Amino acid sequence: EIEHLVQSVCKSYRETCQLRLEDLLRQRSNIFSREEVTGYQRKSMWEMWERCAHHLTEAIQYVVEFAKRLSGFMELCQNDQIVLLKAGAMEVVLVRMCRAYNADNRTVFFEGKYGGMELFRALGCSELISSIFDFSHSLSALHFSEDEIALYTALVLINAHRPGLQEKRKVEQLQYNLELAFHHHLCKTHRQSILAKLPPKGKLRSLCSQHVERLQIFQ
Ligand SMILES: CCN1C(=O)C(C)(C)COc2cc(N(CC(F)(F)F)S(=O)(=O)c3ccc(C)c(C)c3)ccc21
C-alpha cells in the first residue's frame, strides 16, 4: 500500500518539521532592525559559527526523527541508516529551509525574526550565503505543499547511489516505492511540471560541502 507510504511520509514530516508553516508565515512581518543587524555583524567569526552550528545540529536531529518514523527506514540495517542520514541529513535541512524563506523581500527566518544575507556577514563566506539564498529562492518558487516537500525530502534521504551501503538492494526498493508514490501523487494533482524545476542533485551536494563538515570544533 503505496498510499500508506505517502500517509506516513506526510505524517512524520508534519510531526518532525520543527517550525510550523503557519508561524513562519505569521512571522513574516517581524523583521530585524538595523540595530539587530549590526548586532550580529559585530560578533566574531567564531561566535557566529558556534551559533549557527548549534541550530544546524538541532535541525539535523529533527531530520533523524523524520527518518526514524519513516515506514521502512527502521527496517534497514543499522549501517545503512547511518550512511543515508550522514550523506543526506544536511541536504534535507537545506530543502526544509525554503519554507522559512520569503521571496517577496529575500529574507530568511533566523532566531525569532526575518532578515537578509547581511545578517550573516560574521560567518565570512558571503559567496556561500548568497548561494544558499539563491537556492532557497528557486526552491520557494515551486510553492510546494507540505505533502510535496515531505515526499521530496524523503527521496533526498533515500538514495541507493550513496557511496558505502551494505544492503543496496533494500534501499533501491524503498527509493523505488517513494519515486512511484511521488510521481503518481504529482500526476494525480497535475503538479508533474515541478519535476523539471527541481535542483540538480550535484547542486544540493555542492551546497552541503566542506564548510559544514568538521564542526565539532564549535561544540
Ligand atoms: C553556512 C552554514 N550552513 C550551511 O552551509 C547549510 C548548507 C547547512 C545551509 O545553511 C545553514 C543554515 C543553518 N541554520 C538553521 C538550520 F539548522 F536550519 F540549518 S541557521 O543558523 O538558523 C541559518 C538559517 C539560514 C541561513 C541562511 C543561515 C546561514 C543559517 C546553519 C548553518 C548553515
# chains A, B, ... in the order shown; residues from 1 in each chain; ligands from 1

call {"tool": "select_by_dssp", "arguments": {"residues": "segment 34-138 of chain A", "states": "strand (DSSP E or B)", "output": "list in words"}}
result
residues 101, 102, 107, 108, 109, 110, 113, 114 and 115 of chain A

call {"tool": "write_last_selection", "arguments": {"atoms": "N, CA and C atoms", "output": "PDB file, in the first residue's frame"}}
result
ATOM      1  N   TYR A 101      11.915  30.884   4.053  1.00  0.00           N
ATOM      2  CA  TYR A 101      12.457  31.887   3.191  1.00  0.00           C
ATOM      3  C   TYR A 101      11.287  32.664   2.651  1.00  0.00           C
ATOM      4  N   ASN A 102      11.400  33.959   2.457  1.00  0.00           N
ATOM      5  CA  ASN A 102      10.350  34.790   1.878  1.00  0.00           C
ATOM      6  C   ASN A 102      10.939  35.440   0.656  1.00  0.00           C
ATOM      7  N   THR A 107      14.264  37.404   2.513  1.00  0.00           N
ATOM      8  CA  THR A 107      14.697  37.214   3.842  1.00  0.00           C
ATOM      9  C   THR A 107      14.464  35.807   4.275  1.00  0.00           C
ATOM     10  N   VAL A 108      15.230  35.440   5.297  1.00  0.00           N
ATOM     11  CA  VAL A 108      15.069  34.191   5.976  1.00  0.00           C
ATOM     12  C   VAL A 108      14.723  34.347   7.497  1.00  0.00           C
ATOM     13  N   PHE A 109      14.094  33.332   8.060  1.00  0.00           N
ATOM     14  CA  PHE A 109      13.761  33.291   9.478  1.00  0.00           C
ATOM     15  C   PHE A 109      14.960  32.803  10.248  1.00  0.00           C
ATOM     16  N   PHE A 110      15.445  33.630  11.170  1.00  0.00           N
ATOM     17  CA  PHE A 110      16.645  33.311  11.940  1.00  0.00           C
ATOM     18  C   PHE A 110      16.436  33.916  13.364  1.00  0.00           C
ATOM     19  N   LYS A 113      13.122  36.099  14.121  1.00  0.00           N
ATOM     20  CA  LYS A 113      12.684  37.095  13.145  1.00  0.00           C
ATOM     21  C   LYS A 113      13.363  36.906  11.790  1.00  0.00           C
ATOM     22  N   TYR A 114      12.942  37.709  10.849  1.00  0.00           N
ATOM     23  CA  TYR A 114      13.339  37.618   9.488  1.00  0.00           C
ATOM     24  C   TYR A 114      14.360  38.660   9.188  1.00  0.00           C
ATOM     25  N   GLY A 115      15.371  38.298   8.370  1.00  0.00           N
ATOM     26  CA  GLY A 115      16.363  39.241   7.774  1.00  0.00           C
ATOM     27  C   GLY A 115      17.083  38.747   6.474  1.00  0.00           C
TER      28      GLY A 115
END

call {"tool": "residues_around", "arguments": {"residues": "residue 91 of chain A", "least_positions_apart": "6", "cutoff": "10 Å", "atoms": "only C-alpha atoms", "output": "list in words"}}
result
residues 60, 63, 85, 97, 153, 156, 157, 201, 203, 204, 205, 206, 207, 208 and 209 of chain A

call {"tool": "write_last_selection", "arguments": {"atoms": "C-alpha atoms", "output": "short mmCIF file (atom, residue, chain, number, x, y, z; two decimals), in the first residue's frame"}}
result
data_model
loop_
_atom_site.label_atom_id
_atom_site.label_comp_id
_atom_site.auth_asym_id
_atom_site.auth_seq_id
_atom_site.Cartn_x
_atom_site.Cartn_y
_atom_site.Cartn_z
CA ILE A 60 19.63 17.66 11.93
CA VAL A 63 15.56 15.02 10.16
CA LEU A 85 21.49 10.14 7.27
CA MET A 97 14.83 25.88 4.78
CA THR A 153 12.84 15.27 1.30
CA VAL A 156 16.71 13.22 -0.80
CA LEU A 157 17.34 10.99 2.08
CA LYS A 201 21.48 16.58 -7.40
CA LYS A 203 23.70 21.38 -6.55
CA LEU A 204 22.49 20.08 -3.18
CA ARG A 205 25.73 18.19 -2.50
CA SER A 206 27.75 21.19 -3.67
CA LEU A 207 25.87 23.42 -1.28
CA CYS A 208 26.27 20.98 1.65
CA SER A 209 30.08 20.73 1.18
#

call {"tool": "residues_around", "arguments": {"residues": "residue 22 of chain A", "least_positions_apart": "4", "cutoff": "12 Å", "atoms": "only C-alpha atoms", "output": "PDB file with C-alpha atoms, in the first residue's frame"}}
result
ATOM      1  CA  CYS A  17       9.015  19.838  10.807  1.00  0.00           C
ATOM      2  CA  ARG A  26       2.640  34.901  10.557  1.00  0.00           C
ATOM      3  CA  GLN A  27       6.194  35.987  11.431  1.00  0.00           C
ATOM      4  CA  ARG A  28       6.988  37.396   8.009  1.00  0.00           C
ATOM      5  CA  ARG A  99       9.685  27.195   3.936  1.00  0.00           C
ATOM      6  CA  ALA A 100      11.376  29.871   6.132  1.00  0.00           C
ATOM      7  CA  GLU A 146       3.639  20.352   2.764  1.00  0.00           C
TER       8      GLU A 146
END

call {"tool": "closest_atom_pairs", "arguments": {"of": "chain A", "to": "ligand 1", "cutoff": "7 Å", "atoms": "only C-alpha atoms and all ligand atoms", "output": "CSV"}}
result
residue,atom,partner,partner_atom_place_in_ligand_line,distance
A:51,CA,ligand 1,21 (O),6.6
A:52,CA,ligand 1,21 (O),3.5
A:53,CA,ligand 1,31 (C),5.6
A:55,CA,ligand 1,17 (F),4.2
A:56,CA,ligand 1,17 (F),3.0
A:57,CA,ligand 1,17 (F),6.3
A:58,CA,ligand 1,17 (F),6.1
A:59,CA,ligand 1,17 (F),4.3
A:60,CA,ligand 1,17 (F),6.8
A:90,CA,ligand 1,8 (C),5.7
A:93,CA,ligand 1,19 (F),5.6
A:94,CA,ligand 1,9 (C),5.3
A:97,CA,ligand 1,18 (F),6.0
A:108,CA,ligand 1,25 (C),6.0
A:109,CA,ligand 1,25 (C),6.7
A:110,CA,ligand 1,22 (O),5.0
A:111,CA,ligand 1,22 (O),6.7
A:117,CA,ligand 1,27 (C),6.8
A:120,CA,ligand 1,29 (C),6.1
A:128,CA,ligand 1,1 (C),6.6
A:129,CA,ligand 1,29 (C),5.9
A:132,CA,ligand 1,27 (C),6.1
A:133,CA,ligand 1,27 (C),6.4
A:207,CA,ligand 1,7 (C),5.3
A:208,CA,ligand 1,7 (C),4.4
A:211,CA,ligand 1,5 (O),6.2
A:212,CA,ligand 1,5 (O),5.6

call {"tool": "write_last_selection", "arguments": {"atoms": "C-alpha atoms", "output": "PDB file, in the first residue's frame"}}
result
ATOM      1  CA  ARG A  51      25.725  29.870  16.897  1.00  0.00           C
ATOM      2  CA  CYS A  52      24.635  28.607  13.506  1.00  0.00           C
ATOM      3  CA  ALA A  53      26.342  25.265  14.178  1.00  0.00           C
ATOM      4  CA  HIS A  55      20.926  25.442  15.062  1.00  0.00           C
ATOM      5  CA  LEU A  56      22.119  23.131  12.252  1.00  0.00           C
ATOM      6  CA  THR A  57      22.734  20.431  14.887  1.00  0.00           C
ATOM      7  CA  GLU A  58      19.195  20.876  16.232  1.00  0.00           C
ATOM      8  CA  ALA A  59      17.697  20.793  12.683  1.00  0.00           C
ATOM      9  CA  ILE A  60      19.630  17.662  11.928  1.00  0.00           C
ATOM     10  CA  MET A  90      22.081  18.258   5.760  1.00  0.00           C
ATOM     11  CA  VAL A  93      17.786  20.683   6.164  1.00  0.00           C
ATOM     12  CA  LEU A  94      18.593  22.932   3.290  1.00  0.00           C
ATOM     13  CA  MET A  97      14.827  25.878   4.783  1.00  0.00           C
ATOM     14  CA  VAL A 108      15.069  34.191   5.976  1.00  0.00           C
ATOM     15  CA  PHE A 109      13.761  33.291   9.478  1.00  0.00           C
ATOM     16  CA  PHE A 110      16.645  33.311  11.940  1.00  0.00           C
ATOM     17  CA  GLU A 111      16.322  33.370  15.753  1.00  0.00           C
ATOM     18  CA  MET A 117      22.016  37.929   3.899  1.00  0.00           C
ATOM     19  CA  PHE A 120      25.398  36.590   8.276  1.00  0.00           C
ATOM     20  CA  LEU A 128      28.201  30.572   0.159  1.00  0.00           C
ATOM     21  CA  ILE A 129      25.363  32.698   1.833  1.00  0.00           C
ATOM     22  CA  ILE A 132      22.091  29.469  -0.008  1.00  0.00           C
ATOM     23  CA  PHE A 133      19.841  32.421  -0.643  1.00  0.00           C
ATOM     24  CA  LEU A 207      25.867  23.425  -1.282  1.00  0.00           C
ATOM     25  CA  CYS A 208      26.275  20.975   1.651  1.00  0.00           C
ATOM     26  CA  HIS A 211      32.111  24.490   5.038  1.00  0.00           C
ATOM     27  CA  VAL A 212      29.854  22.323   7.113  1.00  0.00           C
TER      28      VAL A 212
END

call {"tool": "closest_residue", "arguments": {"among": "A:197, A:11, A:185, A:121", "to": "residue 70 of chain A", "atoms": "only C-alpha atoms"}}
result
A:11

call {"tool": "closest_residue", "arguments": {"among": "A:178, A:98, A:123, A:84", "to": "residue 50 of chain A", "atoms": "only C-alpha atoms"}}
result
A:123

call {"tool": "select_by_dssp", "arguments": {"residues": "segment 9-174 of chain A", "states": "alpha helix (DSSP H)", "output": "PDB file with C-alpha atoms, in the first residue's frame"}}
result
ATOM      1  CA  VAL A   9       5.906  10.223   4.929  1.00  0.00           C
ATOM      2  CA  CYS A  10       3.403  13.120   5.221  1.00  0.00           C
ATOM      3  CA  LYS A  11       2.564  12.454   8.859  1.00  0.00           C
ATOM      4  CA  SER A  12       6.133  12.188  10.045  1.00  0.00           C
ATOM      5  CA  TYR A  13       7.124  15.352   8.151  1.00  0.00           C
ATOM      6  CA  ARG A  14       4.185  17.185   9.919  1.00  0.00           C
ATOM      7  CA  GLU A  15       5.446  15.738  13.234  1.00  0.00           C
ATOM      8  CA  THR A  16       9.117  16.492  12.555  1.00  0.00           C
ATOM      9  CA  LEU A  21       4.294  26.680   8.475  1.00  0.00           C
ATOM     10  CA  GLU A  22       1.636  28.978   9.910  1.00  0.00           C
ATOM     11  CA  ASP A  23       4.086  30.579  12.389  1.00  0.00           C
ATOM     12  CA  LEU A  24       6.741  31.101   9.665  1.00  0.00           C
ATOM     13  CA  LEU A  25       4.170  32.973   7.594  1.00  0.00           C
ATOM     14  CA  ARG A  26       2.640  34.901  10.557  1.00  0.00           C
ATOM     15  CA  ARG A  34      19.245  47.798  11.520  1.00  0.00           C
ATOM     16  CA  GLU A  35      20.500  47.710  15.126  1.00  0.00           C
ATOM     17  CA  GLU A  36      19.877  43.947  15.370  1.00  0.00           C
ATOM     18  CA  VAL A  37      21.691  43.504  12.103  1.00  0.00           C
ATOM     19  CA  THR A  38      24.706  45.475  13.258  1.00  0.00           C
ATOM     20  CA  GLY A  39      24.401  43.448  16.404  1.00  0.00           C
ATOM     21  CA  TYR A  40      25.046  40.184  14.526  1.00  0.00           C
ATOM     22  CA  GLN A  41      27.672  41.811  12.284  1.00  0.00           C
ATOM     23  CA  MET A  45      33.590  34.730  13.166  1.00  0.00           C
ATOM     24  CA  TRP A  46      33.932  32.124  15.928  1.00  0.00           C
ATOM     25  CA  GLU A  47      30.782  33.137  17.735  1.00  0.00           C
ATOM     26  CA  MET A  48      28.664  33.298  14.669  1.00  0.00           C
ATOM     27  CA  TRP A  49      29.630  29.745  13.531  1.00  0.00           C
ATOM     28  CA  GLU A  50      29.184  28.434  17.133  1.00  0.00           C
ATOM     29  CA  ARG A  51      25.725  29.870  16.897  1.00  0.00           C
ATOM     30  CA  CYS A  52      24.635  28.607  13.506  1.00  0.00           C
ATOM     31  CA  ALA A  53      26.342  25.265  14.178  1.00  0.00           C
ATOM     32  CA  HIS A  54      24.030  24.781  17.132  1.00  0.00           C
ATOM     33  CA  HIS A  55      20.926  25.442  15.062  1.00  0.00           C
ATOM     34  CA  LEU A  56      22.119  23.131  12.252  1.00  0.00           C
ATOM     35  CA  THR A  57      22.734  20.431  14.887  1.00  0.00           C
ATOM     36  CA  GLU A  58      19.195  20.876  16.232  1.00  0.00           C
ATOM     37  CA  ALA A  59      17.697  20.793  12.683  1.00  0.00           C
ATOM     38  CA  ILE A  60      19.630  17.662  11.928  1.00  0.00           C
ATOM     39  CA  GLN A  61      18.079  15.945  14.962  1.00  0.00           C
ATOM     40  CA  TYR A  62      14.680  16.604  13.506  1.00  0.00           C
ATOM     41  CA  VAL A  63      15.563  15.022  10.156  1.00  0.00           C
ATOM     42  CA  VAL A  64      16.876  11.999  12.046  1.00  0.00           C
ATOM     43  CA  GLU A  65      13.391  11.650  13.653  1.00  0.00           C
ATOM     44  CA  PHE A  66      11.776  12.169  10.257  1.00  0.00           C
ATOM     45  CA  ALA A  67      13.608   9.007   9.073  1.00  0.00           C
ATOM     46  CA  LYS A  68      13.069   7.231  12.466  1.00  0.00           C
ATOM     47  CA  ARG A  69       9.281   7.499  11.714  1.00  0.00           C
ATOM     48  CA  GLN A  78      21.984  -0.008  11.132  1.00  0.00           C
ATOM     49  CA  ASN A  79      24.869   0.649   8.801  1.00  0.00           C
ATOM     50  CA  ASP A  80      22.679   1.855   6.006  1.00  0.00           C
ATOM     51  CA  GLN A  81      20.605   4.060   8.295  1.00  0.00           C
ATOM     52  CA  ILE A  82      23.849   5.856   9.241  1.00  0.00           C
ATOM     53  CA  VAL A  83      25.165   6.199   5.666  1.00  0.00           C
ATOM     54  CA  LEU A  84      21.921   7.654   4.344  1.00  0.00           C
ATOM     55  CA  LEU A  85      21.493  10.142   7.269  1.00  0.00           C
ATOM     56  CA  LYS A  86      25.202  11.121   7.111  1.00  0.00           C
ATOM     57  CA  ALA A  87      25.076  11.873   3.417  1.00  0.00           C
ATOM     58  CA  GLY A  88      21.516  13.339   3.235  1.00  0.00           C
ATOM     59  CA  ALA A  89      20.526  14.933   6.626  1.00  0.00           C
ATOM     60  CA  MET A  90      22.081  18.258   5.760  1.00  0.00           C
ATOM     61  CA  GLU A  91      20.699  18.235   2.290  1.00  0.00           C
ATOM     62  CA  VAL A  92      17.208  17.846   3.772  1.00  0.00           C
ATOM     63  CA  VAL A  93      17.786  20.683   6.164  1.00  0.00           C
ATOM     64  CA  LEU A  94      18.593  22.932   3.290  1.00  0.00           C
ATOM     65  CA  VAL A  95      15.495  21.900   1.344  1.00  0.00           C
ATOM     66  CA  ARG A  96      13.309  22.403   4.599  1.00  0.00           C
ATOM     67  CA  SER A 126      29.371  35.705   1.781  1.00  0.00           C
ATOM     68  CA  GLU A 127      29.556  33.638  -1.535  1.00  0.00           C
ATOM     69  CA  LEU A 128      28.201  30.572   0.159  1.00  0.00           C
ATOM     70  CA  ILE A 129      25.363  32.698   1.833  1.00  0.00           C
ATOM     71  CA  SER A 130      24.419  34.245  -1.488  1.00  0.00           C
ATOM     72  CA  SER A 131      24.234  30.719  -2.862  1.00  0.00           C
ATOM     73  CA  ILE A 132      22.091  29.469  -0.008  1.00  0.00           C
ATOM     74  CA  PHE A 133      19.841  32.421  -0.643  1.00  0.00           C
ATOM     75  CA  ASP A 134      19.643  31.743  -4.380  1.00  0.00           C
ATOM     76  CA  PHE A 135      18.819  28.095  -3.880  1.00  0.00           C
ATOM     77  CA  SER A 136      16.117  28.703  -1.356  1.00  0.00           C
ATOM     78  CA  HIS A 137      14.720  31.363  -3.662  1.00  0.00           C
ATOM     79  CA  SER A 138      14.350  28.985  -6.623  1.00  0.00           C
ATOM     80  CA  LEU A 139      13.060  26.308  -4.364  1.00  0.00           C
ATOM     81  CA  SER A 140      10.392  28.660  -2.825  1.00  0.00           C
ATOM     82  CA  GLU A 146       3.639  20.352   2.764  1.00  0.00           C
ATOM     83  CA  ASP A 147       2.938  16.943   1.270  1.00  0.00           C
ATOM     84  CA  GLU A 148       5.222  17.629  -1.691  1.00  0.00           C
ATOM     85  CA  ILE A 149       8.152  18.678   0.393  1.00  0.00           C
ATOM     86  CA  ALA A 150       7.674  15.634   2.651  1.00  0.00           C
ATOM     87  CA  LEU A 151       7.902  13.261  -0.283  1.00  0.00           C
ATOM     88  CA  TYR A 152      10.725  15.235  -1.794  1.00  0.00           C
ATOM     89  CA  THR A 153      12.836  15.273   1.301  1.00  0.00           C
ATOM     90  CA  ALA A 154      12.232  11.545   1.686  1.00  0.00           C
ATOM     91  CA  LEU A 155      13.846  10.910  -1.757  1.00  0.00           C
ATOM     92  CA  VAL A 156      16.705  13.224  -0.799  1.00  0.00           C
ATOM     93  CA  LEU A 157      17.343  10.988   2.078  1.00  0.00           C
ATOM     94  CA  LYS A 168      21.969  -1.589  -1.649  1.00  0.00           C
ATOM     95  CA  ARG A 169      19.063  -3.741  -2.889  1.00  0.00           C
ATOM     96  CA  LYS A 170      16.922  -2.917   0.207  1.00  0.00           C
ATOM     97  CA  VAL A 171      17.299   0.882  -0.366  1.00  0.00           C
ATOM     98  CA  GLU A 172      16.685   0.784  -4.094  1.00  0.00           C
ATOM     99  CA  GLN A 173      13.345  -0.840  -3.250  1.00  0.00           C
ATOM    100  CA  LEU A 174      12.424   1.857  -0.735  1.00  0.00           C
TER     101      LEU A 174
END
